[PDB]
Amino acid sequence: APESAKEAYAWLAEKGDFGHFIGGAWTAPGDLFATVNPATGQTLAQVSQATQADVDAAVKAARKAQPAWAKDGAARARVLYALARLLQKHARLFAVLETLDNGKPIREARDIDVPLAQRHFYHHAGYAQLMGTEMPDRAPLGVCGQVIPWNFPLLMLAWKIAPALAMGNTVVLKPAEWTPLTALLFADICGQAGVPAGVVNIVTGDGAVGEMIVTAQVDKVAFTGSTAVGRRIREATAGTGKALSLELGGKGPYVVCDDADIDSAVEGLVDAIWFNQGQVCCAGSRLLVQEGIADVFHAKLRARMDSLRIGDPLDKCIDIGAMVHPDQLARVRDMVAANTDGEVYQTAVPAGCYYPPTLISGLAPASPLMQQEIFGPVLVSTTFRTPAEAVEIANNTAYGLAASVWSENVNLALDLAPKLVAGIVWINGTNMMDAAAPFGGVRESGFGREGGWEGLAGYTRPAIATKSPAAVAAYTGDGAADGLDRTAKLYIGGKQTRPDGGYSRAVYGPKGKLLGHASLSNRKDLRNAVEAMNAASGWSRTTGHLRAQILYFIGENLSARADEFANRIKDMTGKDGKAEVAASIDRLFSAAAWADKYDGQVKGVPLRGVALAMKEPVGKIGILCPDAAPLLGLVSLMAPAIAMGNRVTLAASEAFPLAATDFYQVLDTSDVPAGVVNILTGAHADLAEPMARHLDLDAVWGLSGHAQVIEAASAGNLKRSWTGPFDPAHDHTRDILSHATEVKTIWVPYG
């Protein structure tokens, strides 16, 4: 007997045609479109396509409510707790509504989706309670515009709304046009939970409504969905000062070693087939099996796939539900129709909006199917010989979200996990989720983390704001020739190099005295710098102890030249440079201090084992330094970045480049490995877009302006970007460590 939907139908009948939830109240239904039960084809309800006026009103109401909401963290905790209790009290209603609207089996909705949504609100209540005392340097961002996809409608909502509210923000959230109903029921319980009017606003519609929210007067945009829409959102928000997080999917590799627990690995994969759909953090869709066990693994997998029950999603015995929409069914059919590689196995399928579990095996590591987005309940598989080859195959995509590794050997499992490019690695499991355990992407899977203490920073800003110094025009001078050799070069790959373009500009002091010449770098110089950083990839695998020693040497060797650097700064700016040099030394010693002390965090989880939220390098960072603070600006950005294991290329102060060029000798004397620090001089108008666009850079920090160009160009490979504020007089070290690291959460067995 299937689960009863009587209560869900009664709620839908009560709500009638839906408007929006704005300012604590339901608005009149407008331009209606149907949401259809994909398993039956029946219209469940009519919902409104929001207008620009609706989105304006939602954001206005969220803004009006936010300062009172931000004031009392203890009060927010009570509301978040109440929301969790109402999710639990109405768990069966939320679960049936999710199954009706999305097509997923009721057993998944009841066992996975709703309990994790409850736990997300229970857990994040405590962050609201603790924000004032445990995050005293932080404050709410304001209003968050939030946009989510169709695959896990309620749980995606929880992942967005719970941290935003905990940190004193208000939200305007739009569910996917195919799956609006559980978000509307969430709206309908907000009053009962004591959510103050306008703290939560839910508007419905398709991508055009998403676009309105993204471009509205919000302080943050948080998006989960397709990579292409992620790029458009990054472009649409460029130069606006909005905070942005993007979780962009990319189905993860599932690595099965010769010594894996085969039957547990098979059962984990078959139990993940329905789950691994849409843009969710998951692993299993890309199967990588060591060649010694590959035939046996595949044979067992196909028979376990046969045991999956496909049919009525309201039947609690069903494992494979209905596809979310005919458009998605067509997408999966078309993907399979376009593939000619490998051997395709499909289980039986019932008639209608159902697609069967499908395994495409015998693929080569270079096959396009191993690299393209995979749609539907479809697995693709290839083999590997060595663990090193498994790592190479797993990392040979544009994505980097989650991964799974199966091995019974204590060494092999924990050796492979840090080598995989991913935000999450599950050992001997997959799709393990908890509110305390952060998740999110790298590369074209996006940026930002959701869950844990780590997920909170992106919903906050400094309690005391800094402001970047104004740009400073370079001084001019008469232009008489220079009989001495005072033309500074570039510093790339451990040695000084001429600028590829051959040009240098005269540098003058405040009264017109010629001080020297500085190179004008170009895109070919930047390319050479990126190649040097690629050759220095070993730096990102060094010990913190080693990196600390190098930074200590840089600090010592700068100190030995302190008077000289102060005189150079005074020559260029007319103002005494001793305080700036002392601060630069201090930043180096603070970065040296941190190099082996920026600890990952161990999460107790109510699941098997523990989650290790590790700190890893971002990788290769291009940095543009402000005009002011010709030494301190450069050192303040360089030092925490390399302390965390990054390689960097810095565009030094455009106005005052000669302190940075004097610094080349310090880098050489300090035995900084070739390519770990590279320095370009010249016009940031020449360099900003090339650095932000570069597809082989992992992050761009633009602290000299050009924020719109930099943030728009960063969409090419979706690198992380930071455009300030950055005040070199302020000690930003701790904040910069966060810009300079990624969180990778490794889930390990633990008694």
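Note that residue numbering begins at 1 and tracks the sequence as displayed.
> Please compare 408-416 with 88-96 and name the stretch with the higher mean C-alpha B-factor in the deposited structure.
Taking the mean B-factor of the alpha carbons in each, 408-416 is higher.
> Determine, for stretches 25-33 and 684-692, which one has the higher mean CA B-factor as deposited.
The recorded data point to 25-33.
> Identify, among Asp627, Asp327, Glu177, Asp596, the residue whose C-alpha carries the highest B-factor in the deposited PDB entry.
That would be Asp327.
> Highest Cα temperature factor in the entry, among the options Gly512, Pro640, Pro105, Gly555: which one is it?
Highest CA B-factor of the listed options: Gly512.
> Lowest, middle or highest third: which one holds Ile427 when the chain's residues are ordered by CA B-factor from the entry?
For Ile427, whose C-alpha B-factor we compare with every modelled residue in the chain, the answer is the lowest third.
> Lowest, middle or highest third of the chain for the C-alpha temperature factor of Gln42?
Top third by C-alpha B-factor.
> Which third, lowest, middle or highest, does the C-alpha temperature factor of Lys15 belong to within its own chain?
CA B-factor rank for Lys15: highest third.
> Is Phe375 in the lowest, middle or highest third of its chain when residues are ranked by C-alpha B-factor?
Highest third of the chain for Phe375's C-alpha B-factor.
> Ordered by C-alpha B-factor within the chain, which third holds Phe589? Give me lowest, middle or highest, please.
Tercile = lowest for this residue's CA B-factor.
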